[PDB]
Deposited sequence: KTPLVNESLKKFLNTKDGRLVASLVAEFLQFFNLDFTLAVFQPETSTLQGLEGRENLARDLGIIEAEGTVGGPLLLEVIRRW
């Protein structure tokens, strides 16, 4: 277990960040990466709950990319 990561995952913003990374991997079917990510991180919030948490209203313009894209697009 990763202690710096454990503490991070136990923060509000940390959980959101990790959930966004996992959602990115899922979005591009990076399934081998996910197979290692899950045990290496000891792990999160799925896309619907995550979009709500991030104040992102899902629509035609958002469904075609990972949620992190909407954040960066509007940065």
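Visitor: Go through the deposited sequence from residue 1 and tell me which stretches lack C-alpha coordinates, in order.
Guide: Going by the record, the segments left unmodelled (no C-alpha atoms) fall at 1-4, 48-50.
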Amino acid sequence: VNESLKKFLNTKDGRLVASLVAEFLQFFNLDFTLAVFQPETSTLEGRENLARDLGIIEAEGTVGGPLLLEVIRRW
From here on, numbers count along this sequence of modelled residues.
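Visitor: In the PDB record, does 60-68 or 18-26 carry the higher mean Cα temperature factor?
Guide: Mean B over CA atoms: larger for 60-68.
Visitor: Once you work out the mean C-alpha B-factor for both 8-16 and 50-58 from the entry, which is higher?
Guide: The stretch with the larger mean CA B-factor is 50-58.
Visitor: Using the B-factor values recorded in the entry, state whether the Cα atom of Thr33 falls in the lowest, middle or highest third among the modelled residues of its chain.
Guide: It belongs to the lowest third of the chain when residues are ordered by C-alpha B-factor.
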